[PDB]
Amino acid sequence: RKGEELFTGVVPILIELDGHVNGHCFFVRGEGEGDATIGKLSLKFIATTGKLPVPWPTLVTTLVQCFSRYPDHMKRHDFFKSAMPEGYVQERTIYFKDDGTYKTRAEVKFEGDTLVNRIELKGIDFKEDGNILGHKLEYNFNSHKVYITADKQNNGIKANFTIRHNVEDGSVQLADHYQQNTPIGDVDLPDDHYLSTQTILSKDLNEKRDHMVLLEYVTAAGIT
């Protein structure tokens, strides 16, 4: 008995990520809350497998766009919420310029009250002591524009954008994202528009394990 109606209030979030980069395996679990009426996430991620083989920032995009704030005049362009509760599949290919690639497949859906993002990630061809495996990325995340277009053919959407990762030496590591979402059930197909993102990364001062506290604001725009 619902739809976008599942997001009128504060929703508990659970994220799990199975990761495989250059034969190094890891697992991340995140917990927190989202509030789509204001577009806010507040999450804590733990690398349960011990210290990560890649930098935390490289995982941020891949770790619930259903918590974007879609302004009242854009509600009919909100694919992510309309797929709920059965949810959607989110697939990406992430190209790190002059370095390796991530391929991800994710199921975002309601499991009871909770919104759950379960992810498989596989990364290949990363250079040793490149920015990623060498851990040369600053513990930062930049603002971006996620460009969304409809994919009528598969009853879903496509997304394109370039993530910018600050490197320690003052340079910038680019990560080209190509994104597909399709429904798991049986949705709104949007006119072209974008998401505007902002993200803070910090730590829990009493947490011994490798981890990431994340706060994020995202609003939809580009339609008048």
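The numbering used is simple: start at 1 and walk along the sequence shown.
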| query | Relative to the other PDB entries of this protein in the set, is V187 coordinate-less in at least a third? | reply | yes
| Absent coordinates between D186 and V187 - deposited residues affected, binned into four classes | 1 to 3
| note | For the neighbouring pair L63 and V64, the stretch of deposited sequence with no coordinates amounts to 1 to 3
| query | If you average the Cα B factors in the entry, which is higher, 113-121 or 149-157? | reply | 149-157
| query | Which has higher Cα B-factors on average according to the PDB entry: 167-175 or 38-46? | reply | 167-175
| query | In this PDB entry, which of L14, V11, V21, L17 has the top CA B-factor? | reply | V21
| Entry-reported Cα temperature factor of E138, expressed as the chain third it lands in | middle
| query | Where does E107 sit by CA temperature factor within its chain: lowest, middle or highest third? | reply | middle
| task | Sort the modelled residues of this chain by their C-alpha B factor and say whether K81 lands in the lowest, middle or highest third. | result | lowest
| note | Entry-reported C-alpha B-factor of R92 relative to its chain, by third, is lowest
| remark: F26: C-alpha B-factor third of its chain, per the entry, is the highest
